[PDB]
Amino acid sequence: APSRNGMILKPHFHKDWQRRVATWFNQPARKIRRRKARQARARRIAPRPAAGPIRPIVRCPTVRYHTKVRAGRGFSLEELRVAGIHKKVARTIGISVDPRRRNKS
Amino acid sequence: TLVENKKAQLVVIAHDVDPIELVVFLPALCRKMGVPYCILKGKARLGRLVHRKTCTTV
Amino acid sequence: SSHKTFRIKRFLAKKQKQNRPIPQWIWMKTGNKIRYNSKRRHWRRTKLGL
Amino acid sequence: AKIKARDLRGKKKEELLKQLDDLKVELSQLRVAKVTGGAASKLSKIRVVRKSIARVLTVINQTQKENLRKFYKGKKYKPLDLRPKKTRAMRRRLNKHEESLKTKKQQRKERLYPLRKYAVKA
Amino acid sequence: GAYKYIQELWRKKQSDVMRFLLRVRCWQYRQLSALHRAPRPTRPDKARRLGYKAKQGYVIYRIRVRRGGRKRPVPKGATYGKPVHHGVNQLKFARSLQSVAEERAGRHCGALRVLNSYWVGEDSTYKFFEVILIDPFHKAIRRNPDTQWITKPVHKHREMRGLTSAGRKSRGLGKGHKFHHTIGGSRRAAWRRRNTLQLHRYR
Amino acid sequence: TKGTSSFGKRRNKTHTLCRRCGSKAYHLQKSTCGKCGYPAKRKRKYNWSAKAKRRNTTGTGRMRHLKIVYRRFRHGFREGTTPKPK
Amino acid sequence: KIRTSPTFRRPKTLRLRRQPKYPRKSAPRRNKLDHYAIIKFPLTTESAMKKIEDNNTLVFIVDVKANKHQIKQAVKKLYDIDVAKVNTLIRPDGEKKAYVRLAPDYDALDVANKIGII
RNA sequence: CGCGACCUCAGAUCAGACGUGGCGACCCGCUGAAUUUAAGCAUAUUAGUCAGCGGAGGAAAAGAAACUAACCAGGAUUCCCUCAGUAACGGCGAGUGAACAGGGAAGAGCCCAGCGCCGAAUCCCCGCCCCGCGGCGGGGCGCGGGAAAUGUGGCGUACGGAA
Ligand SMILES: [Mg+2]
Ligand SMILES: [Mg+2]
Ligand SMILES: [Mg+2]
Ligand SMILES: [Mg+2]
Ligand SMILES: [Mg+2]
Ligand SMILES: [Mg+2]
Ligand SMILES: [Mg+2]
Ligand SMILES: [Mg+2]
Ligand SMILES: [Mg+2]
Ligand SMILES: [Mg+2]
Ligand SMILES: [Mg+2]
Ligand SMILES: [Mg+2]
Ligand SMILES: [Mg+2]
Ligand SMILES: [Mg+2]
Ligand SMILES: [Mg+2]
Ligand SMILES: [Mg+2]
Ligand SMILES: [Mg+2]
Ligand SMILES: [Mg+2]
Ligand SMILES: [Mg+2]
Ligand SMILES: [Mg+2]
Ligand SMILES: [Mg+2]
Ligand SMILES: [Mg+2]
Ligand SMILES: [Mg+2]
Ligand SMILES: [Mg+2]
Ligand SMILES: [Mg+2]
Ligand SMILES: [Zn+2]
């Protein structure tokens, strides 16, 4: 029953919501585990860059973000064949490659 | 492939291949390419030429 | 009944064997809390199921 | 005196059997004495005789089974008793050689493009 | 290659030649029982393109599925409930008849593993499929590095869990904006991810 | 004669002990167990009785093989070898 | 050959006999029901004494898996005596009593004296 | 008439293997209500939820676009924040309800069929010899036996490939 001036609300609590309540008490443990696995991988790959392969320059898709660059998936095959590196050697020497990327300019 | 490349001087075809569709196309192909073709009684006797149990065509 | 099966006779034999009071020499153990056998069974009172 | 197990490995099956039979006869006499009403000494020796029976039998079984394992060691087919009894899944899993053998194509790929060791200057 | 010619033959199912073949084969499979082993695949090209090979350890089972829809097994058509749930006749089964076929084939052949299946005929009251099964403990399969993936225990009873192609077809999974109610592992996974109250420690 | 008088005519039983689960729930005329369904290959178990589920499960019995399995897993299922003799 | 019956019966084929490439089990099992393990102890009650004195019988308690033939052979082996007949019953406790009557030329009193019950 | 092939189909306590059933907190595939809310109730809601059935693993499922976008374009799958209680659905009532882009955790890609070319160049099994042997494997020898031309192995797969 509404009473006086208020804002009428629509709580999505009509299902069996108490059966699915995902708590976050293991969040610090998860952070510790992630950091420990990160250190283990970094020490395993001894001299290689700890952050994996290099990645290319990428423009964000939509008009809202198309003024910003970021890191993409991998370098494109046109870029590889213009740089002179081989498709199957780039990954061995540590360069991210994807055959999906086009080059419109 | 030999028939469609014209390297076969004649073709022998079995008559009782238990899916007939493995060779049902073959006579028309052989006629169109020009090579002679024959139907021989018995894929078993045809496969006796090779050392195998059965052969459809040679 | 007098007409029994081997299985039922064996079961009755086991129940009769376990219907027994405790020996007194266990009452003098160190960490002993048992005072009597609380799983007794009188034929008239408890009918054992079956 | 005190029947142990170290002094029984070097013996032979026939005297092992005769010692076992003598021990069984002694145990039977002890049980008769128990039922008729005897001495606490014999009542206590009953368990000693039983354990002596147990160790004689286990020595016999161990010698027999080790001999049989030596017999079947070189053969390809051997009894399920002599096969290794790991878990069922570990018996069904791919064995070491055939889960490591690999195709010629991808082994050629590995030999043509090995993963290099590299570093990047800061 | 003759396989391409066979491919176009089986694409021209409507011609008189294929009509004769389907009529005869359907009659023969109808005379036969509902679950039997075919010595050879009836469509070698189709089985090969589905993943079959002429080796030892591959078997083909030809099985028959009664045709039609699924009616609700309710006593005397009395669904005690609301009118929305009263229908028992025009209902349909979520899975496909090919998937049902593979399921019962694998169920009978417990020690074998189902790869795929194809269509070989149909009449008014029955459909016929040939299921391609693999014996996982044959050494000719165990020692092949490109097909020993089927020996792993994780692939046990694929057709029961809907991992074969026919089972995947009825799961509504795939890339794109059409399959939005499956993003995640499956439909249940998407539902569970969406219907859960994430309560952070600090909210 | 609805109660006391009719209670006196009960002299032959409808259930006996079954071979599988040992409970007095083996129906004689049906030849089926009321608790586990003995003739059926699969154990009779339902999700609407948690108490019945926990009364007889893996945690309730002797664990004859599976406890030894746990003990052997702790060391990795070793076989064929013996500790270094003195 | 011509057919004289309008039925078709499955022809009888050659059924070859098992030859195992390896025995299923490593060794034959040991007979755990031997003479010593088949007889446990002789009864020493007043009824047993009356029986041994009067009917020339010997009263033993054996295990439930023994039959009269095995009991007779076990008594013959252990005590070197001849056995006429054996009566058996299973007691309400679970043990299986045995009444063993001896041949007329043996003396049950002497057998009891040597075995150790009196 | 007899004999010999192949094809389909039988019987074996034939030689060697494999499946069954249990637990089921998490996972996959089917089946699937009604209490309740709507201040009545039938669509709707509860809810693809409980109950029921089947199938696994140490994780499962998914997964390398028949994608998103309409930008100066991004680029497998899975998870977290936000998008957003939004677009939309709804006796447009009660109620229900995503995804794209953005930031992150992780980051790995590949293989067939088909078209072709290589004297089937391919695989399984039995016997001897040598070694290894508690994951049954390596090598030599058999005018040894089978599978396979109704198609095995090598190169090769949309990023093009072959000569
Ligand atoms: Mg108020
Ligand atoms: Mg009473
Ligand atoms: Mg290849
Ligand atoms: Mg409905
Ligand atoms: Mg449904
Ligand atoms: Mg998969
Ligand atoms: Mg479709
Ligand atoms: Mg009745
Ligand atoms: Mg069950
Ligand atoms: Mg056999
Ligand atoms: Mg199961
Ligand atoms: Mg209401
Ligand atoms: Mg109300
Ligand atoms: Mg009402
Ligand atoms: Mg409704
Ligand atoms: Mg709904
Ligand atoms: Mg449920
Ligand atoms: Mg497990
Ligand atoms: Mg997986
Ligand atoms: Mg692709
Ligand atoms: Mg907002
Ligand atoms: Mg909903
Ligand atoms: Mg996104
Ligand atoms: Mg990272
Ligand atoms: Mg090929
Ligand atoms: Zn039962």
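For chain D, the square roots of the Cα gyration tensor eigenvalues, ordered a ≥ b ≥ c, give a/c of at least 1.5 with a/b greater than b/c, which places it in the prolate category.
For segment C:1-46, the calculated P(r) over all alpha carbon pairs, in 10 Å bins from 0 to the bin holding the longest distance, is 21, 37, 26, 13, 3 percent. If only the Cβ of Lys and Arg carry +1 and only the Cβ of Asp and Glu carry -1, the dipole of the protein assembly as shown around its Cα centre is close to 3360 debye.
Dipole orientation for segment D:1-113: of the candidates D:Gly38, D:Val25, D:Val56, D:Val56 has the Cα lying most toward the positive pole (charges on Cβ; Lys, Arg +1; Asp, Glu -1). Taking G:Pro92, G:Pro20, G:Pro104 as the candidate residues, the one with maximal mean-square fluctuation in a Gaussian network model of chain G, Cα springs under 10 Å, is G:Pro20. Note on chain E: GNM, Cα springs under 10 Å; of E:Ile141, E:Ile150, E:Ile183, the largest mean-square fluctuation is that of E:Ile183.
Translational D (Stokes-Einstein, µm²/s) of chain G at 25 °C and 0.890 mPa s when Rh comes from the Kirkwood sum over C-alpha pairs?
Numbers: Rh = 18.0 Å.
Calculated translational D: 137 µm²/s.
Here the label points at A:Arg33 and G:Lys77, each 7 Å from Cα along the C-beta direction, are separated by 6.3 nm in the simple model.
Grab the beta carbon distance between F:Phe77 and E:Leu163, set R0 = 30 Å, and tell me the FRET efficiency rounded to 0.05. The partial results should precede the final answer.
Numbers: r = 30 Å, r/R0 = 1.02.
Calculated transfer efficiency: 0.50.
With the charge dipole of the protein assembly as shown set up from +1 on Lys and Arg Cβ and -1 on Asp and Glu Cβ about the Cα centre, the Cα lying farthest toward the positive end among the listed residues G:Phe8, E:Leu173, G:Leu43 is that of E:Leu173. Loop exposure criterion: trypsin sites (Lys or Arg not before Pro), DSSP state outside H, G, I, E and B, at most 16 other Cβ atoms within 10 Å. Applied to chain G, the longest stretch between such sites is G:66-118. For the residues E:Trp149, E:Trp119, E:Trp191, a GNM of chain E with alpha-carbon springs under 10 Å puts the largest fluctuation on E:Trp191. Please label the shape of chain B as rounded, prolate or oblate, based on the square roots a ≥ b ≥ c of the eigenvalues of the alpha-carbon gyration tensor (a/c under 1.5 means rounded; beyond that, a/b larger than b/c means prolate, else oblate). Cα axes put chain B in the prolate bin.
Here the residues D:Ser52, C:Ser1, D:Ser100, ranked from fewest to most Cβ neighbours within 10 Å of their Cβ, fall in the order C:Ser1, D:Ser100, D:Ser52. The chymotrypsin sites (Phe, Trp or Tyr not before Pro) found in segment A:4-105 that occupy coil by DSSP, while having at most 15 further C-beta atoms within 10 Å, are A:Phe13, A:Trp24, A:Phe25, A:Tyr65.
Classify segment E:119-203 from the C-alpha gyration tensor, please: rounded if a/c falls under 1.5, else prolate or oblate depending on whether a/b exceeds b/c. The shape class here is oblate.
Return, ordered by residue number, the residues of segment F:25-56 whose backbone nitrogen is under 19 Å from a label point located 7 Å along Cα→Cβ of A:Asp16. Under cut-off, by backbone N: F:46-54. When all alpha carbon pairs of the protein assembly as shown are counted in 10 Å bins from zero, the resulting P(r) reads 2, 6, 10, 14, 16, 15, 13, 11, 7, 4, 2, 0, 0 %.
Taking the Cα centre of segment E:1-93 as reference, the dipole from Cβ charges on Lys and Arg (+1) and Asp and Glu (-1) amounts to some 100 debye. Calculate, for E:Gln28 and E:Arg143, the FRET efficiency according to 1/(1 + (r/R0)^6) with r their C-beta to C-beta distance and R0 35 Å; round to the nearest 0.05. Calculated value: 0.40. Ignoring the sites themselves, chain A has its longest run without trypsin sites (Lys or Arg not before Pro) in a DSSP loop having at most 15 other Cβ atoms within 10 Å at A:21-63.
For E:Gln90 and G:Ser5, what does the FRET efficiency come to when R0 = 56 Å and r is the distance between their Cβ atoms, rounded to the nearest 0.05?
Numbers: r = 54 Å, r/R0 = 0.96.
With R0 = 56 Å, the Cβ-Cβ based efficiency is 0.55.
Dividing the convex hull volume of the alpha carbon atoms of chain A by its residue count gives 260 Å³ per residue. Given q = 0.26 Å⁻¹, what are the Debye log10 I(q)/I(0) values for segment F:1-84, with equal point scatterers placed on the Cα positions and solvent ignored? One equal scatterer on each Cα of segment F:1-84 leads to -1.22. Using the Karplus relation 6.51 cos²θ - 1.76 cosθ + 1.60 with θ = phi - 60°, the per-residue 3J(HN,Hα) values for segment E:92-109 come to 10, 8, 5, 8, 8, 5, 4, 5, 4, 4, 4, 4, 6, 4, x, 4, 5, 8 Hz, with x marking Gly and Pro. A viscosity of 0.692 mPa s and a temperature of 37 °C, combined with the Kirkwood radius over C-alpha pairs in the Stokes-Einstein formula, give chain E a diffusion coefficient of 164 µm²/s. Between G:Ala27 and D:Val25, the simple label model (points 7 Å from Cα in the Cβ direction) yields a spacing of 2.5 nm. In units of the rule-of-thumb radius 2.2 N^0.38 Å, segment E:16-136 shows an alpha carbon radius of gyration of 1.29.
Note that we place each Cβ from the backbone using ideal geometry, even for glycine, and neighbour counts take in every protein chain shown. Any read-out appearing in this document is the output of simple, stated calculations on the displayed coordinates, not a laboratory observation.
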